Amino acid sequence: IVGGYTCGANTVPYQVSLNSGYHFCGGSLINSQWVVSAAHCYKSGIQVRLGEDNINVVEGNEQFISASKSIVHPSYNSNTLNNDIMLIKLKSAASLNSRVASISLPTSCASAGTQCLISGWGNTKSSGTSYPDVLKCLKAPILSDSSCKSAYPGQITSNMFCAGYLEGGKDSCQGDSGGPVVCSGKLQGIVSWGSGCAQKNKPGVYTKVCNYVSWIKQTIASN
Ligand SMILES: NCCCCc1ccccc1
Ligand SMILES: [Ca+2]
């Protein structure tokens, strides 16, 4: 996250870190046994780390649970990043509390102008690299469809939305992928892609979770 603030330990209780020996992607806890993330984050051998603030220090609220199954969206396209979403089932159910909590799925798509919270442990520099060890937070509005398609001609599908600031300086960045965009207590987006980070007229692009709610429900009802 570039140009954000430190969230504070366990103030984003649905935020997970996907670890394969190191943090590589964020994700979101949607019930005690399932996590949603970006399909471009797919890996074999994922351990899900819940209750994290400092990912390099064991602080006392963590739950490390291995993944038993990963399901990438049936129409994920890695070239266009259309349908960049996947589900991860945990080997055992997480123990839910005020610091490890699931986030609700949406019943409605959020509108342009809605302010949202984006969070992750990704790069905090638009030029150069510095990875935080504690969770970073950013409040950003959903941008209109037409400003989004104007920023990325011929690349925005109906399963994508832009969110952020057209004059740059504030954005999600690498390592934030798979992470949550939460608007009014509902998961609305997944950190998916962009052109660099925090660049002028190149806002973050997010997977539109409201389009996927019935595939999510049906898939967790069956696996
Ligand atoms: N601008 C969008 C921010 C999304 C993440 C990102 C990180 C590194 C390279 C491209 C996009
Ligand atoms: Ca920790």
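Residues numbered from 1 in each chain as written, not as in the entry; some residues may be left out. Chains lettered and ligands numbered in written order. Heavy atoms only, no water.

Method-wise, the PDB entry is recorded as coming from X-ray crystallography, at a reported resolution of 1.9 Å.

Caption draft 1: The arrangement of the sheet that holds strand β12 (residues 186–193) in detail. Taken in spatial order, the 7 strands of this open sheet run β1-β9-β8-β11-β12-β13-β10, and their pairing is antiparallel. Unpaired on one side and paired on the other, β1 (5–6) and β10 (160–163) mark the two borders of the sheet. (Pairing = 2+ DSSP bridges. Helix = DSSP H or I, 4+ residues; strand = E, 2+ residues; numbered from the N terminus.)

Caption draft 2: Spatial organisation of the packing of aromatic side chains. One pass over the structure, following the stated rule, counts 3 aromatic pairs. With centroids separated by 6.4 Å and ring planes inclined at 65°, the aromatic side chains of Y22 and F24 adopt a geometry described as edge-to-face. Residue class for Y22 comes out partly exposed when judged on its relative accessible area of 45%. The ring of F24 has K43 sitting right over it, with the charged end atom 3.8 Å from the ring centre. (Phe/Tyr/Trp six-rings, centres within 6.5 Å; stacked < 30°, edge-to-face > 60°. Buried < 20%, exposed > 50% of the residue type's maximum accessible area, 1.4 Å probe, protein only. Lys NZ or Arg CZ within 6 Å of the ring centre and 35° of its normal.)

Caption draft 3: Local environment of the pattern of salt bridges. A full pass over the atoms with the stated rule returns 2 salt bridges. Between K149 and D145 there is a salt bridge; the shortest N-O distance is 2.6 Å. Here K149 pairs with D145, and both are found in helix α1 (residues 145–151), just 4 residues apart, close to one helical turn. Assessed through its relative accessible area of 44%, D145 is described here as partly exposed. A salt bridge links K200 to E167, with the shortest nitrogen-to-oxygen separation between them at 2.6 Å. One end of the pair, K200, is in the loop between β12 and β13 (204–208); the other, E167, is in the loop between β10 and β11 (180–183), and 33 residues separate them in sequence. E167 gets classed as exposed once you look at its relative accessible area, which sits at 57%. (Salt bridge = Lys/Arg side-chain N within 4 Å of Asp/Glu carboxyl O.)

Caption draft 4: Region of the structure containing the state of the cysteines. Going through the model one piece at a time under the given rule, you end up with 6 disulfides. A disulfide bridge connects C25 with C41, and the sulfur atoms are separated by 2.0 Å. With the S-S bond torsion at -80°, the cross-link from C25 to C41 turns out left-handed. Here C25 is found in strand β3 (residues 23–31), whereas its partner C41 is found in the loop between β4 (34–37) and β5 (47–50), with 16 residues between them in sequence. The pair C25 / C41 is uniform in exposure class, with both members buried. Across the disulfide, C109 is cross-linked to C210 (sulfur-sulfur distance 2.0 Å). Looking along the S-S bond of the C109-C210 disulfide, the torsion reads about 100°, which is the right-handed sense. (Disulfide = S-S within 2.5 Å.)

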